[PDB]
Structures are given as structure tokens and as C-alpha cells.
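Participant: Could you have a look at this structure, given as C-alpha cells, before my questions?
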Amino acid sequence: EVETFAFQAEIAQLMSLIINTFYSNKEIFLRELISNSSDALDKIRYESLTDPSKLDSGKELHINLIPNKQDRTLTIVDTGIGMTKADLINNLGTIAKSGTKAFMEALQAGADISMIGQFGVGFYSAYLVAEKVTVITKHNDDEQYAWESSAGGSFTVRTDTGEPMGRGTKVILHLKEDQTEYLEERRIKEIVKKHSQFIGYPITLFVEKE
Ligand SMILES: CSc1nc(N)nc(-c2c(Cl)cc3c4c(cccc24)COC3)n1
Ligand SMILES: [Mg+2]
């Protein structure tokens, strides 16, 4: 069963701004997704201090970067807190706790897209480089779900089976044809060193088999 939802208007407008604004410094998407992963890891780390059983789904707190040139995807995986179905719909489909409104106003008053992470919406910078984003997530309190959107004002949510994660979130970027530089090992290493060198969890960049 696949459920289809409309983004809240302001989120659809934010997405359109990211997709349509001329902006060359696209590499910042990776820092933004790694920052979200680090925050999700801080959350499970903290919750586990008072409830160690929350790590029964995996004790290791880490981030993996997985390029795949055959599929033209870059995947950012973490073992963070993850999202229940409701968290997934609220966090990715609505303004919720984000600074969506403040960011859109800021862009009209001198700010630029690289500042997106100051407004709680850095995830949407994935649309600088991806034509489609799939988010697979597993929270201790729920089953595994897959969210997906190619923008255009809608997204889908369905249960995900056959490839269970212990806990965390996987952001799969289906790259635009002209954005394949983000699959190259030297490019990913350069961006991690420039923007994510102080993250407090291991970031492992996978090597390609062929
Ligand atoms: C809550 S667990 C989590 N893990 C990771 N890696 N990312 C997110 C996350 C995603 Cl996937 C997307 C959005 C988020 C927002 C806030 C906080 C976390 C997230 C709002 O923009 C969408 N949440
Ligand atoms: Mg802020």
C-alpha cells in the first residue's frame, strides 16, 4: 500500500526555490545531510543514557557514505534515532519546527542558499543535486518506512520490507545527470574535509566494488 501526500505549501515553495534558483555552490548538500545524521545520533546517544535497551537495535553510532555509479545514487546512512511514520510525515511534509518561513524571507533580504542549515531545513538542499530522494527510516517505536519525492508538490510513504536496518535513517540521492561528480571518491573526500571535519561520529566513505 502506497500513500501519497501533498507537501505543506511552504515546503513545496522552499523546494521550488532550491530546484530553480541559479546557485553553483551545490556541494553544501552533503554537509547538511551529515549534520542531520549527527543530530539524530546525538538524540539516540542521549536517550540511551537513561534507557540502554534503546541500543538493542545497534550500539554503534556512525555515518556511512555510499556512492554507486551504476545506479547513479549517493546514500547517506546513519544509526541515529530514526523516525516513526508520524515523525516522517511531519518532519518531511510540513514546516513543523523548521525555519522554512524565516529562510524564504532571508533569501529575499541578502541570504544565500548555503545558509539553509541555520533554518532547520538543510535536508532540502538534497534537491540541488538529486532528481529524486528516497528516505528509509527505522525508529525503535515503529516499523521501517520508505518516503520518496521527486518534488512537484507530493511525496509517498510506504512500509519498507526485505532490507531491514536495525535503527536509523538512509537518505538515497538519485543524482541529476550533470551532478555525477558527487559519486567520485576524491570529490566526496574533499567535501567531507572542507565542511564536516569536526563531526563527532565516524564517517566512512565506501569504495566501489568495480
Ligand atoms: C529524526 S531522525 C533524522 N535523521 C536524519 N538523518 N535526518 C532527519 C531529517 C530528515 Cl531525513 C529530513 C528533514 C529533517 C528535518 C529536521 C530534522 C531532521 C530531519 C526537517 O527537514 C526535513 N531525521
Ligand atoms: Mg538556526
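By convention here, the chains of the C-alpha cells are called A, B, ... in the order presented, each chain's residues are numbered starting at 1, and ligands are numbered starting at 1 in the order presented.
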Using only C-alpha atoms and all ligand atoms, find each protein or nucleic acid residue lying at most 9 Å from ligand 1; present the set as a ChimeraX atom specification.
Facilitator: /A:33-41,43,76-84,87-88,90-98,100,120-124,135-139,168-171
Participant: Taking only C-alpha atoms and all ligand atoms into account, which residues have an atom no farther than 10 Å from ligand 2? I'd like them as a short mmCIF file (atom, residue, chain, number, x, y, z; two decimals) with N, CA, C and O atoms, in the first residue's frame.
Facilitator:
data_model
loop_
_atom_site.label_atom_id
_atom_site.label_comp_id
_atom_site.auth_asym_id
_atom_site.auth_seq_id
_atom_site.Cartn_x
_atom_site.Cartn_y
_atom_site.Cartn_z
N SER A 98 10.71 23.69 11.79
CA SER A 98 11.69 24.33 10.92
C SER A 98 11.54 25.82 10.81
O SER A 98 10.47 26.39 11.07
N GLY A 99 12.60 26.44 10.32
CA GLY A 99 12.61 27.86 9.98
C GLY A 99 12.31 28.10 8.52
O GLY A 99 12.85 29.05 7.95
N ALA A 102 11.32 31.71 7.85
CA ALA A 102 12.41 32.65 8.03
C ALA A 102 13.44 32.53 6.89
O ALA A 102 14.00 33.53 6.45
N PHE A 103 13.69 31.29 6.39
CA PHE A 103 14.66 31.12 5.33
C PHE A 103 14.19 31.78 4.05
O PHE A 103 14.97 32.47 3.39
N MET A 115 23.21 29.03 3.54
CA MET A 115 22.83 29.27 4.93
C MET A 115 21.63 28.47 5.37
O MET A 115 21.17 28.60 6.51
N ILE A 116 21.15 27.58 4.48
CA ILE A 116 19.95 26.78 4.73
C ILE A 116 19.93 26.03 6.08
O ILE A 116 18.89 25.92 6.71
N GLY A 117 21.09 25.52 6.48
CA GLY A 117 21.23 24.76 7.72
C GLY A 117 21.00 25.54 8.99
O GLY A 117 20.86 24.94 10.05
N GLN A 118 21.00 26.89 8.90
CA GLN A 118 20.71 27.75 10.05
C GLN A 118 19.19 27.78 10.31
O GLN A 118 18.73 28.31 11.35
N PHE A 119 18.38 27.24 9.35
CA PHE A 119 16.92 27.32 9.40
C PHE A 119 16.22 25.98 9.55
O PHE A 119 15.02 25.90 9.31
N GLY A 120 16.96 24.94 9.88
CA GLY A 120 16.33 23.65 10.16
C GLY A 120 15.75 22.93 8.96
O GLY A 120 14.90 22.04 9.12
N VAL A 121 16.19 23.30 7.75
CA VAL A 121 15.67 22.73 6.50
C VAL A 121 16.78 22.28 5.58
O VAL A 121 16.55 22.08 4.38
#
Participant: Write out as a list in words each polymer residue whose atoms come within 12 Å of residue 17 of chain A, counting only C-alpha atoms; drop sequence neighbours fewer than 2 positions from it.
Facilitator: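 After dropping sequence-adjacent residues, the list is residues 10, 11, 12, 13, 14, 15, 19, 20, 21, 22, 23, 100, 103, 104, 105, 107, 108, 112, 113, 116, 124, 125, 127, 128, 151 and 152 of chain A.
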Participant: For the atom pair atom CA of residue 194 of chain A and atom CA of residue 30 of chain A, what is the interatomic distance in Å to one decimal place?
Facilitator: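 Between these atoms lies a distance of 10.7 Å.
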Participant: Of the residues A:114, A:134, A:160, A:148, which is the one nearest to residue 28 of chain A, using only C-alpha atoms?
Facilitator: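 That would be A:114, the residue with the smallest distance to residue 28 of chain A.
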Participant: Please report, as a PyMOL selection string, each residue of segment 89-206 of chain A to which DSSP assigns strand (DSSP E or B) when run on this structure's backbone.
Facilitator: chain A and resi 130-138+145-149+154-159+168-175+203-205
Participant: Could you turn the residues from that selection into a file that holds N, CA, C and O atoms, as a CSV table (one decimal), in the first residue's frame?
Facilitator:
chain,number,residue,atom,x,y,z
A,130,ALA,N,19.9,16.1,-6.6
A,130,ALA,CA,19.1,14.9,-6.8
A,130,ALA,C,17.8,15.2,-7.5
A,130,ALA,O,17.1,16.2,-7.1
A,131,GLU,N,17.4,14.4,-8.5
A,131,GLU,CA,16.1,14.5,-9.1
A,131,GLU,C,15.0,13.8,-8.2
A,131,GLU,O,13.8,14.1,-8.3
A,132,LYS,N,15.4,12.8,-7.4
A,132,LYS,CA,14.6,12.1,-6.6
A,132,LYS,C,15.3,11.8,-5.3
A,132,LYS,O,16.5,11.5,-5.4
A,133,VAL,N,14.7,11.8,-4.2
A,133,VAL,CA,15.3,11.5,-2.9
A,133,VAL,C,14.3,10.4,-2.3
A,133,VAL,O,13.1,10.6,-2.2
A,134,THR,N,15.0,9.3,-1.8
A,134,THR,CA,14.2,8.3,-1.0
A,134,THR,C,14.8,8.3,0.4
A,134,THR,O,16.0,8.3,0.6
A,135,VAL,N,13.9,8.3,1.4
A,135,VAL,CA,14.4,8.3,2.8
A,135,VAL,C,13.8,7.0,3.4
A,135,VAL,O,12.6,6.8,3.5
A,136,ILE,N,14.7,6.1,3.8
A,136,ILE,CA,14.3,4.8,4.5
A,136,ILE,C,14.7,5.1,6.0
A,136,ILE,O,15.8,5.5,6.3
A,137,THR,N,13.7,4.8,6.9
A,137,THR,CA,13.9,5.1,8.3
A,137,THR,C,13.4,4.0,9.2
A,137,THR,O,12.3,3.4,8.9
A,138,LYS,N,14.0,3.8,10.3
A,138,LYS,CA,13.6,2.9,11.3
A,138,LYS,C,13.8,3.5,12.7
A,138,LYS,O,15.0,3.7,13.0
A,145,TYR,N,10.0,2.4,7.3
A,145,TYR,CA,9.2,3.1,6.2
A,145,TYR,C,10.1,3.7,5.2
A,145,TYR,O,11.3,4.0,5.5
A,146,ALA,N,9.6,3.9,4.0
A,146,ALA,CA,10.2,4.5,2.9
A,146,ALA,C,9.4,5.7,2.5
A,146,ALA,O,8.2,5.6,2.1
A,147,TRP,N,10.0,6.9,2.5
A,147,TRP,CA,9.5,8.1,2.0
A,147,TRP,C,10.2,8.4,0.7
A,147,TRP,O,11.3,8.1,0.5
A,148,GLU,N,9.4,9.0,-0.3
A,148,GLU,CA,10.1,9.4,-1.5
A,148,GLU,C,9.5,10.6,-2.2
A,148,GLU,O,8.2,10.8,-2.0
A,149,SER,N,10.3,11.4,-2.8
A,149,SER,CA,9.7,12.5,-3.6
A,149,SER,C,10.6,13.0,-4.7
A,149,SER,O,11.9,13.0,-4.5
A,154,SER,N,4.4,16.7,-4.1
A,154,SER,CA,3.9,15.5,-3.5
A,154,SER,C,5.0,14.6,-3.0
A,154,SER,O,6.1,14.7,-3.6
A,155,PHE,N,4.7,13.6,-2.1
A,155,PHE,CA,5.6,12.6,-1.7
A,155,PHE,C,4.8,11.4,-1.4
A,155,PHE,O,3.6,11.5,-1.2
A,156,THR,N,5.5,10.2,-1.3
A,156,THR,CA,4.8,9.0,-0.9
A,156,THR,C,5.5,8.4,0.3
A,156,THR,O,6.6,8.6,0.6
A,157,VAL,N,4.7,7.6,1.0
A,157,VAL,CA,5.1,6.8,2.2
A,157,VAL,C,4.6,5.4,2.1
A,157,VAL,O,3.4,5.2,1.7
A,158,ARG,N,5.4,4.4,2.3
A,158,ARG,CA,5.0,3.0,2.3
A,158,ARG,C,5.9,2.3,3.3
A,158,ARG,O,6.9,2.8,3.7
A,159,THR,N,5.4,1.1,3.8
A,159,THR,CA,6.2,0.3,4.6
A,159,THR,C,7.4,-0.2,3.7
A,159,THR,O,7.2,-0.4,2.5
A,168,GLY,N,17.8,3.8,12.4
A,168,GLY,CA,18.4,5.0,11.8
A,168,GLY,C,17.7,5.4,10.6
A,168,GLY,O,16.6,5.1,10.3
A,169,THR,N,18.5,6.2,9.7
A,169,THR,CA,17.9,6.8,8.5
A,169,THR,C,18.9,6.6,7.4
A,169,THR,O,20.1,6.8,7.6
A,170,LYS,N,18.4,6.4,6.2
A,170,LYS,CA,19.2,6.3,5.0
A,170,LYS,C,18.6,7.2,4.0
A,170,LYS,O,17.4,7.2,3.6
A,171,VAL,N,19.4,8.2,3.5
A,171,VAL,CA,18.9,9.2,2.5
A,171,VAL,C,19.6,8.8,1.2
A,171,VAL,O,20.8,8.9,1.1
A,172,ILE,N,18.8,8.4,0.2
A,172,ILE,CA,19.2,7.9,-1.1
A,172,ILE,C,19.0,9.0,-2.1
A,172,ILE,O,17.8,9.4,-2.4
A,173,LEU,N,20.1,9.6,-2.6
A,173,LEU,CA,20.0,10.7,-3.6
A,173,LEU,C,20.1,10.1,-5.0
A,173,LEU,O,21.2,9.6,-5.3
A,174,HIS,N,19.1,10.2,-5.8
A,174,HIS,CA,19.1,9.8,-7.2
A,174,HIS,C,19.6,11.0,-7.9
A,174,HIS,O,18.8,11.9,-8.1
A,175,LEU,N,20.9,11.0,-8.2
A,175,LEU,CA,21.5,12.2,-8.8
A,175,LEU,C,21.0,12.7,-10.1
A,175,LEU,O,20.7,11.8,-11.0
A,203,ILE,N,32.7,8.9,10.0
A,203,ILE,CA,32.1,9.0,8.7
A,203,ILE,C,32.9,8.1,7.8
A,203,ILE,O,34.1,8.4,7.6
A,204,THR,N,32.3,7.0,7.3
A,204,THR,CA,33.0,6.0,6.5
A,204,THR,C,32.6,6.2,5.0
A,204,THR,O,31.4,6.1,4.7
A,205,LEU,N,33.5,6.5,4.2
A,205,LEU,CA,33.2,6.6,2.7
A,205,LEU,C,33.5,5.2,2.1
A,205,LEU,O,34.7,4.8,2.1
Participant: Of the candidates A:44, A:192, A:65, A:89, which one gets nearest to residue 4 of chain A if we count only C-alpha atoms?
Facilitator: A:89
Participant: Using only C-alpha atoms, can you tell me which of A:167, A:85, A:69, A:101 comes closest to residue 180 of chain A?
Facilitator: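 Using only C-alpha atoms, residue 180 of chain A sits closest to A:69.
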Participant: Which residue out of A:53, A:177, A:9, A:63 has the minimum interatomic distance to residue 75 of chain A when only C-alpha atoms are used?
Facilitator: A:63
Participant: Pick from A:68, A:161, A:8, A:25: nearest to residue 210 of chain A, with only C-alpha atoms counted?
Facilitator: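 Ranked by minimum distance to residue 210 of chain A, first place goes to A:68.
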Participant: Which of segment 54-209 of chain A end up as alpha helix (DSSP H) when DSSP is run on this backbone - answer as a ChimeraX atom specification?
Facilitator: /A:85-93,100-108,185-195
Participant: For the residues in that selection, give me N, CA and C atoms as a CSV table (one decimal), in the first residue's frame.
Facilitator:
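selection08.csv was written with the following content:
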chain,number,residue,atom,x,y,z
A,85,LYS,N,6.4,6.6,11.6
A,85,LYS,CA,5.7,7.1,10.4
A,85,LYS,C,5.2,8.5,10.6
A,86,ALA,N,4.7,8.8,11.8
A,86,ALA,CA,4.2,10.2,12.0
A,86,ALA,C,5.4,11.2,12.0
A,87,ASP,N,6.5,10.9,12.6
A,87,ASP,CA,7.7,11.8,12.5
A,87,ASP,C,8.1,12.0,11.1
A,88,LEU,N,8.1,11.0,10.3
A,88,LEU,CA,8.5,11.1,8.9
A,88,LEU,C,7.6,12.0,8.1
A,89,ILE,N,6.3,11.9,8.3
A,89,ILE,CA,5.3,12.7,7.6
A,89,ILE,C,5.4,14.2,8.1
A,90,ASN,N,5.5,14.4,9.4
A,90,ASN,CA,5.5,15.7,10.0
A,90,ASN,C,6.9,16.4,9.6
A,91,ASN,N,8.0,15.7,9.7
A,91,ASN,CA,9.3,16.3,9.5
A,91,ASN,C,9.6,16.6,8.1
A,92,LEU,N,9.1,15.8,7.2
A,92,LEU,CA,9.5,16.0,5.8
A,92,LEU,C,8.3,16.6,5.0
A,93,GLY,N,7.1,16.5,5.5
A,93,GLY,CA,6.0,17.1,4.7
A,93,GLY,C,5.5,18.4,5.2
A,100,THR,N,11.5,27.3,7.9
A,100,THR,CA,11.1,27.4,6.5
A,100,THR,C,10.7,28.9,6.1
A,101,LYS,N,9.8,29.5,7.0
A,101,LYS,CA,9.4,30.8,6.7
A,101,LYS,C,10.5,31.8,6.8
A,102,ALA,N,11.3,31.7,7.8
A,102,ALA,CA,12.4,32.7,8.0
A,102,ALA,C,13.4,32.5,6.9
A,103,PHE,N,13.7,31.3,6.4
A,103,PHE,CA,14.7,31.1,5.3
A,103,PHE,C,14.2,31.8,4.1
A,104,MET,N,12.9,31.6,3.7
A,104,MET,CA,12.4,32.2,2.4
A,104,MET,C,12.4,33.7,2.5
A,105,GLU,N,12.2,34.2,3.7
A,105,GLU,CA,12.3,35.7,3.9
A,105,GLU,C,13.7,36.1,3.8
A,106,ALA,N,14.6,35.3,4.4
A,106,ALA,CA,16.1,35.7,4.4
A,106,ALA,C,16.7,35.7,3.0
A,107,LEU,N,16.2,34.8,2.1
A,107,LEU,CA,16.7,34.8,0.7
A,107,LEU,C,16.3,36.1,0.0
A,108,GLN,N,15.2,36.7,0.4
A,108,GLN,CA,14.7,38.0,-0.2
A,108,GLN,C,15.5,39.2,0.4
A,185,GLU,N,35.1,9.4,-5.5
A,185,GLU,CA,35.7,9.3,-4.2
A,185,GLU,C,36.5,10.6,-3.8
A,186,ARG,N,37.3,11.1,-4.7
A,186,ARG,CA,38.1,12.3,-4.4
A,186,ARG,C,37.2,13.5,-4.1
A,187,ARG,N,36.1,13.6,-4.8
A,187,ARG,CA,35.2,14.8,-4.6
A,187,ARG,C,34.5,14.6,-3.2
A,188,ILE,N,34.0,13.4,-2.9
A,188,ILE,CA,33.4,13.3,-1.6
A,188,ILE,C,34.4,13.5,-0.5
A,189,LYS,N,35.6,13.0,-0.6
A,189,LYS,CA,36.6,13.2,0.5
A,189,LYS,C,36.8,14.7,0.6
A,190,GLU,N,36.9,15.4,-0.5
A,190,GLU,CA,37.2,16.9,-0.4
A,190,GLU,C,36.1,17.6,0.3
A,191,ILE,N,34.9,17.2,0.1
A,191,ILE,CA,33.7,17.9,0.7
A,191,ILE,C,33.6,17.6,2.1
A,192,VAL,N,33.9,16.3,2.5
A,192,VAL,CA,33.8,16.0,3.9
A,192,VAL,C,34.9,16.7,4.7
A,193,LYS,N,36.1,16.8,4.1
A,193,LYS,CA,37.2,17.5,4.8
A,193,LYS,C,37.0,19.0,4.9
A,194,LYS,N,36.3,19.6,3.9
A,194,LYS,CA,36.1,21.0,3.9
A,194,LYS,C,35.0,21.4,4.9
A,195,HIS,N,33.9,20.6,5.0
A,195,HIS,CA,32.7,21.0,5.7
A,195,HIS,C,32.2,20.2,6.8
Participant: A:72, A:163, A:66, A:54: which is nearest residue 207 of chain A, counting only C-alpha atoms?
Facilitator: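 Result for the nearest residue to residue 207 of chain A: A:66.
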Participant: Quick one: residues within 9 Å of residue 55 of chain A, only C-alpha atoms, excluding same-chain residues fewer than 2 positions away - as a ChimeraX atom specification?
Facilitator: /A:44-45,48,51-53,57-60,140,167
